[PDB]
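The structure appears below as structure tokens.
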Amino acid sequence: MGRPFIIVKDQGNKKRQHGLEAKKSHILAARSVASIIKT
Amino acid sequence: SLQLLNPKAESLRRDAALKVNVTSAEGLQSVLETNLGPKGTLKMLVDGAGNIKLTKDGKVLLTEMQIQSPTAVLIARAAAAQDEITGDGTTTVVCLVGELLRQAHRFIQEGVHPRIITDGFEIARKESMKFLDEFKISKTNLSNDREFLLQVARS
Amino acid sequence: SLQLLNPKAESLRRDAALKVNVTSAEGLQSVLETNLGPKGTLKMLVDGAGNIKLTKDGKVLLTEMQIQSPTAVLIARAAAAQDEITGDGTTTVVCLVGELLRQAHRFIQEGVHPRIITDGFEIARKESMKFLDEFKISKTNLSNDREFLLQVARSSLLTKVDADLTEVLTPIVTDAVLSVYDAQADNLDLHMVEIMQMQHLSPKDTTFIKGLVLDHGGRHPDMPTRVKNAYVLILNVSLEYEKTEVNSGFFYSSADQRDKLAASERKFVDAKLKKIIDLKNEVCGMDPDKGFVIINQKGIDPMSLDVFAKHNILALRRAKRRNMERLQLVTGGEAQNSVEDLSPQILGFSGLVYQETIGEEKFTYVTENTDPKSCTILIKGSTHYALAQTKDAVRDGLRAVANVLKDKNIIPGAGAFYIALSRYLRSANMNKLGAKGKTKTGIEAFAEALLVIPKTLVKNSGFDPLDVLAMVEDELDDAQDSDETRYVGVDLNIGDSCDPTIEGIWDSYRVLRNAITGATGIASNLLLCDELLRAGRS
Amino acid sequence: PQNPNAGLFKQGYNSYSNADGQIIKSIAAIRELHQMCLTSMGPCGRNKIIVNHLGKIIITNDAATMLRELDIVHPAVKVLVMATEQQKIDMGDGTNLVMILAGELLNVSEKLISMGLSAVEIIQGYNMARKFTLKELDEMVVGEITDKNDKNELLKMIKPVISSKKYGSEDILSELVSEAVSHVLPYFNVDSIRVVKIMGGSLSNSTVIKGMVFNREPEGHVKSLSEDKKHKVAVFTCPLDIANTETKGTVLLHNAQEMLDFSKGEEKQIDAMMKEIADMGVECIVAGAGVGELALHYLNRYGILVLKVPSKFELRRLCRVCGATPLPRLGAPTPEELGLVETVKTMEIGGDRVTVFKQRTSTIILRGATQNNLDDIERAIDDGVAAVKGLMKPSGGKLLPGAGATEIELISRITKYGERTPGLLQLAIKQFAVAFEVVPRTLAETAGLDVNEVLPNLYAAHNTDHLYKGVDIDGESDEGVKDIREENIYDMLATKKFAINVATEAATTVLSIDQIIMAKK
Amino acid sequence: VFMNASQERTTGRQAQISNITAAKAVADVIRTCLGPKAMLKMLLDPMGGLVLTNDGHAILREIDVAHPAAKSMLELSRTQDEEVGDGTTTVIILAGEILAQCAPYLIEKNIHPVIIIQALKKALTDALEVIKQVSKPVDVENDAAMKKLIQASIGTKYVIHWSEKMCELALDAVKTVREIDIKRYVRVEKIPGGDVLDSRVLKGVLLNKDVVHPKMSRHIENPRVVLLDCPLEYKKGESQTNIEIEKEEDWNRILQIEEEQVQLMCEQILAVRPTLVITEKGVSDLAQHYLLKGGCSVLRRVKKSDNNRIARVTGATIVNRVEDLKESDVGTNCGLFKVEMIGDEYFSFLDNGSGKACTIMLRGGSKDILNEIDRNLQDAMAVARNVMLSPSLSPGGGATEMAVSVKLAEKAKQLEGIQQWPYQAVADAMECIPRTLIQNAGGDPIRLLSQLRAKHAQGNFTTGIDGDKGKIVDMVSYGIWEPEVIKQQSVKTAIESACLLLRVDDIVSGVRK
Amino acid sequence: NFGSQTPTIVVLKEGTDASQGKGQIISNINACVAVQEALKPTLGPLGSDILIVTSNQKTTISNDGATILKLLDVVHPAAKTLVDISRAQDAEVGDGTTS
Ligand SMILES: Nc1ncnc2c1ncn2[C@@H]1O[C@H](COP(=O)(O)OP(=O)(O)O)[C@@H](O)[C@H]1O
Ligand SMILES: Nc1ncnc2c1ncn2[C@@H]1O[C@H](COP(=O)(O)OP(=O)(O)O)[C@@H](O)[C@H]1O
Ligand SMILES: Nc1ncnc2c1ncn2[C@@H]1O[C@H](COP(=O)(O)OP(=O)(O)O)[C@@H](O)[C@H]1O
Ligand SMILES: Nc1ncnc2c1ncn2[C@@H]1O[C@H](COP(=O)(O)OP(=O)(O)O)[C@@H](O)[C@H]1O
Ligand code: BEF
Ligand code: BEF
Ligand code: BEF
Ligand code: BEF
Ligand code: BEF
Ligand SMILES: [Mg+2]
Ligand SMILES: [Mg+2]
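Chains as they are written, first to last, in my numbering: chain B, 1 to 39; chain G, 1001 to 1155; chain X, 2001 to 2538; chain P, 3001 to 3521; chain R, 4001 to 4513; chain H, 5001 to 5099.
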């Protein structure tokens, strides 16, 4: 019941940030941007 | 002796040259005798493009195929000269040089100078030609025989 | 259908399998007809090392070369099974299979089932074998005809070497076989066959020695070169320092105990030496004419060499493990192993033993023996390529004369036997059975196929092969209508008909007996195949 | 070890001799694509999704289309493929039966080749059986319906042909087909009916228009005399712009008095072109070629609709619906060569500003969701569209009892000719019959019924009310068959004629060969 | 990964086809090797030898097969040879056309495999009872009636030419190993050349060894024989003995113990008044002196398996311990010992009472074609040993097979239902042997199968095909009868085969371990 | 015959993918499920938005189903149906695309 499949195009080159652990990586990104300028 | 004039030259000498020629002509009659008469069999050819040619004609197999043997390409040119001047008999020529080379080789291998059999070929050819003039049946074609000419298409 | 079972499998199917087999045999015979008879031509061969072998011998070309064609390697196996069982005729088998497959092929391409010709091969082979038993001439060999046997060496050597080298080797071969054979009908070749080779002089220098010339000598400088009346001693038990098979290592605690042991390890050998000298004194002491010589299978210690050189003995070490037996049939005494059960009734005698030295190598002779049943063909020869070439000539004659003795018969040569078959088998095809018709063609081929030997002899001769054939064919019918049938073969010198009985050129029975049954067996098996397959693990 | 060669005359080939590549290796390579469309035959058959050489998706029930979209190697396989392409161009339907017969004609030929028969024996025996099959078919025909160009009879005829390609709605589709054909019939051109597919809605939302649909941009303004009716039309091959010559047009100006007069004279030069067309009472000009910006400006004021973009396709299929005649010479707008249209408005479908030419040549607007499936049901429509043209031309339209009834009566009737012939040839004629077991067998196998319990129940009921009995779908018919005379299920004679004939040629021609020779790519 | 990747799965009808395809195309490489008109498929092995024969199992044996269904098919001609000897060709042709006539015609009409297996299992129980009722029991010791057996079973491969001699060599080989036999007490030493008419079964054993000492006799009239399972040199301490010398004298006393140990053996060996002594292990150069004085010709290093062969002929028993050499262990009634010389190489003969082991001397025309005769004699000696165990004989030449056809063609019609289709296709399968026997002959199969099938129904069991003619022949009057167990096992495994491969619906590739 | 080896006539050209039976039907459903499952969040008042960066660095943020399914490059031929199924909804209606 296992077939190696191709749903989206160039599936091997597509990374997916998911759920909360994505939001952390998004907010902290903005955070770093902020530390550059806040001074 | 020859090998001194060109380091990279291929050559079949003496009795080997004769053997190559005969094996080849015997061989080319071996791949075309499947076509002789109505008892013959139909062959399917497919070229590198994927095109299906489908013919029992002798001159067809010879045009349609890539001949490599030099002694063989020479025999295929006799078949061309046949089809271009006669139309029919392009298979008769091939296996007539086959069995002709084959039957003559049976004597050269025994120890007979080829030139000896070559004259015997010509002196029989001249005879075979005088016999033909005397073996044919004269159909009055100036009278245009309706059904006799129907039995030549049918043949 | 086969290509599914294995993706990478070579196969030659149907009528191509026949062809591939026939073209190859027809071919092997095209590389091996340059050898047939004395009219043939010498070929030089150089292997990858650079070693020049130089022989016209059929089996030689085949063993000296790398064979790739499978149908070919099978034909070279009938040639080997010929040389190992007969000695001669290793070429006859190859081109007999050649023209046997060639002649059988002409009918199959005409549209004849192989099996039809196969039976026509056997039914002819059965007939050819009954014919042979009747064609041979019964030479009364139990009467040992001195010069008739001289004309079997001269017939078999000429087809391998010179015009003037053959007149030299002829007696040396014949006199060898004759110096082996016994009234109880035995001939254990390997004994009186000792082919010795020497690098010096010339191949036309070969000498017959009615004794045995060895490959070693006295390893001590003070030993005798010439022993006038040699009592030969044949020993095998090692005269050397040997440790015990159970671990030997010893212990000693005195500066003296060393030396009083240093001889205690040599004592065993010296006590074995004593019993020898005690015979060398009991037999020689009384006779200053009578000498004492040893030929030892195992070693002779340097400590023990100074011993034999002292008591004027001629010692000889590590002789061939077969020469024990050869010497017994040379001198007379049985080969003793132990020294402790040794009597003077066991000593063999040779009226002369001398040591010739060449550079640094030494050759111990055994001459003037009272009665020998074993001899030696001392092949002398300058180079190294000849020393094998003139050996491979002597072999093909020493086994050729011994076939005249083993078989109480012989067959007239020049290929008279084959011509006679080709005439007989062409006539009695209606007679043999009133045969299955189909069977008839198989004979008709096999029959006219045998004519190879004659033709391929005239081919080599240079004369017109089809012409000198018809010549023998013509002068035979002259005797066939004159009632008294006299043998007729091909004269290779003048390109004419001739009588091999008169010309003195003979050809062994067993050779022609295992030539036909071998060729038919391999040719009538090569036809019957329909596939050539290659499949197996990587 | 190592093996020698056989013969080197060529550059590097492969030869498939002893009829091997024909008697076995060919039959089985055909069986691979025989089992393919075996499960695509009939209403219970499954569609196959084929992604081509360029990544474009294609889904079809059709054998010929499904085979045309594949890349094929095996030469003897290619033979039956051109044969399915034969009956595609020459009948439209039966493409699946070409395969299913020829494939089995060879599949069942395997038991003969191994029995001990020759190649020339089976060839002649299949020829003697085909020539009988076509002869014993012509005397089973029912309802040679030829009620002129009847609209109610077309619906009964098309329903089964549509049904076995897209079983979803045989009713809702064939009504669209019949209605479009009804607007053309007064030889009934396949080309006289056009198909325009645009995404949106369902398969039911589909309509039939007594004219045409143009997905091109309209220009000046939309004709609202459409409500009032009776609009006049003119067509042009020429571009609606100042007529240039084919040879390089240079404009040599000498005096300054030329500049003003050229440019302002150009204004009038084409205003006068347009006026000679407006004064003829024309309300719609369809341009195949170009239109100048000055020329459309005057036409814009003269209150006339413009429809640029057509290639030669449209200019001919629009010509037949309005009844105009297109002239290349811009100087002759004749009243005897004008057209007449009932409505030319901007009806917006799926969001696209589309021009309509309704109320001869007609156009079906097939609507749905997937632009994929809509492509297939266009081929289903074209099957019946071409099935209608096949009724008109030949003198007899004619009808056969389908669903298997035609095929099973053949199994019985061909064997009857089998036992009459004695000789060795008898078996080839008898096996030719058993091969016809495939048409009902695949209909059953697609429905998921006991192959071993339907076929004996179908033969038994066929041994004159027996003539109609052929296999059916569902749980009550899981018992067996249905009286095909009552469900309005028939296929035509000219459909089964081309099929059984081309399939016998296709299976013969692969049996004619015994040595295939092929070259490297 | 989910599974392992790199795994090609073949499932359903797809997998089924692959098995029947291969199994049937296996029969194809041997179809032209059936019966009398059969050929010789010449084979190149991997490391450079050559094999060219007919013997079905010897052709397949030298072919490498990858597709498991054919790896299952080939290793199935092995079971056949390892049971009967002949019929290794047949088995695979049936195995094929049981899967061919049966499967595709009916697996591609939706019939489930497990019903088919039960249907084909009954068709065997039926087929065996048919063969055993169409066969006729034979006298196993009517020496001349048994030669007609062997005459028929060799009348296939290149050996026919000399059947009369071969049958005498086969029958006389099995006669002197018979309480029942094992044909591996029969060394078949092949000696190149001569001709077949020179081959002679020796009631005894032949060796390639020469007498170890020249003086020892090469001819003994009636030799008393001792056989030895032990070396004839002094043995060592198996306990890792090592000697530590202190005194001067010590050396000679020990170095003679080994000289004496042998004399203690020789005194014990010679104490049984022998004239011949043969050992499995090598013989010392001091042992020969005490056995020369004993008057015994000694043979060294002779094969372990050759000893059990000699001890059975000569009647002496082999003993490891020299100490306990008894009066029984000596060769009473071996009539001769000689060392005749067959051109270059020395061979030791042992000729002339109650034999139970035997050496077949073979002579031919090559070392290569000799093997192809041994392959025929092994197939000859087999058909003779079968019959002495199973005294009954089937009427062969396609006749036994056709018998199974119309008996099963009647039983199928009388069975009906769904189980009938597979059952009526083993009956279809049997006729494949006649079919290929007409073919290899060269007659029209359909024309002759017709005049065979119907001419069997009311024309006796023994109605089959004559090979060379290609016509119907009553096999009673002709003389082709194959042993009953061949026809038994042939049909047994060939069905057991088709019913192993049908259970396959799935092929998972890349499994490991 | 010319060749000592004569391989096997091919049905289709090397590199041709073929899938049959139950595998096929159930694989196509699962493939579709995948496209759906990832589009399932954007539904309803508390729906999640998706941030897609296309192969050409084009960064887009959306809740519009047709826009998400279009910017996703669906290759699977059976799951391309769900893109055409959403596209038709934007063409005739505008809303529903996700649903
Ligand atoms: N019905 C027939 N019976 C016997 N021989 C025939 C028949 N028809 C044609 N032939 C012979 O077969 C030959 C025709 O060969 P064909 O295959 O046409 O090749 P080609 O004529 O090019 O050599 C002629 O020589 C003719 O004599
Ligand atoms: N003087 C001669 N005249 C004619 N034939 C000869 C003569 N000497 C030898 N022969 C023949 O030559 C053959 C020997 O061939 P040879 O070259 O030794 O090869 P092979 O290994 O086959 O014996 C014999 O058949 C013999 O009859
Ligand atoms: N409603 C139906 N019920 C049962 N069988 C049908 C029905 N409609 C058509 N058929 C059968 O389907 C066959 C046509 O199959 P189809 O898939 O259209 O391929 P083709 O038309 O190319 O042969 C006809 O033989 C017909 O008898
Ligand atoms: N002369 C003959 N004519 C017809 N059939 C024969 C003849 N000899 C043997 N047979 C049949 O063919 C079989 C022998 O063929 P063979 O090639 O040896 O196959 P296998 O190796 O399986 O025994 C026998 O079992 C017998 O039934
Ligand atoms: F094949 Be031919 F030129 F009639
Ligand atoms: F070349 Be041979 F064996 F005399
Ligand atoms: F396969 Be078809 F032309 F409905
Ligand atoms: F060819 Be067999 F196994 F006798
Ligand atoms: F996500 Be949608 F187009 F309301
Ligand atoms: Mg259809
Ligand atoms: Mg919404």
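Backbone N, C-alpha and C define an ideal beta-carbon position, used for all residues, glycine too.
- Within 7 Å of the CB of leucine 4043 of chain R, the CB atoms of chain X belong to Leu2533, in sequence order along the chain.
- A direct Cα-to-Cα measurement between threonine 5006 of chain H and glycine 3470 of chain P gives close to 47 Å.
- Burial state of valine 4508 of chain R is exposed, judged by a 10 Å Cβ sphere holding fewer than 16 other Cβ atoms.
- Ranked by Cα distance from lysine 4109 of chain R, the options P:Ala3507, P:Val3438, P:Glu3487, P:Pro3335 are led by P:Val3438.
- Per DSSP, the continuous beta strand (DSSP E) segment holding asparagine 2296 of chain X begins and ends at 2290-2296.
- One finds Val5075, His5076 in chain H with Cβ atoms closer than 7 Å to the Cβ of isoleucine 6 of chain B, taken in chain order.
- Interface annotation for the region 3113-3127 of chain P against chain R: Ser3114, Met3115, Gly3116, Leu3117, criterion Cβ-Cβ distance under 9 Å.
- Annotation for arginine 2513 of chain X: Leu2132 place their beta carbon closer than 7 Å to its own, counting only its chain and skipping 5 residues before and after.
- For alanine 3234 of chain P, the enclosing beta strand (DSSP E) has its first and last residue at 3231-3236.
- Contact between the region 1089-1109 of chain G and the region 1045-1053 of chain G is absent: fewer than 3 CB-CB pairs across the two stretches fall below 8 Å.
- With a cutoff of 9 Å on beta-carbon distance, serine 3226 of chain P and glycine 3368 of chain P are scored as not near each other.
- Considering only R:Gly4353, R:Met4166, R:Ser4405, the residue with the shortest C-alpha distance to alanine 4427 of chain R is R:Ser4405.
- Not one heavy atom of ligand 7 falls within 8 Å of the beta-carbon of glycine 3390 of chain P.
- It is roughly 37 Å from the alpha-carbon of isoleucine 1123 of chain G to the alpha-carbon of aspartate 1145 of chain G.
- When rounded, the separation of the alpha-carbon atoms in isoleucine 3027 of chain P and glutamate 4431 of chain R is 23 Å.
- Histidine 3074 of chain P belongs to the set of residues whose beta carbon lies under 9 Å from a beta carbon in chain H.
- Remark: the C-beta of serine 3040 of chain P is in contact range of ligand 7, defined as less than 8 Å to any heavy atom.
- Per DSSP, the beta bridge partners of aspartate 3491 of chain P are P:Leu3400.
- Any Cβ of chain B closer than 9 Å to the Cβ of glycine 5023 of chain H would place that residue at the interface, and such an atom is present.
- Beta-bridge annotation (DSSP): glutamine 2355 of chain X is paired with X:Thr2364.
- The beta-bridge partner set that DSSP reports for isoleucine 3209 of chain P consists of P:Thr3363.
- With a cutoff of 8 Å, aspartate 10 of chain B does not count as near ligand 1, since its C-beta is closer than that to no heavy atom of the ligand.
- Looking at X:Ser2011, X:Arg2106, X:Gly2285, the one whose alpha-carbon comes closest to that of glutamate 2026 of chain X is X:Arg2106.
- Between the C-alpha atoms of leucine 2528 of chain X and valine 2097 of chain X there is a straight-line separation of about 14 Å.
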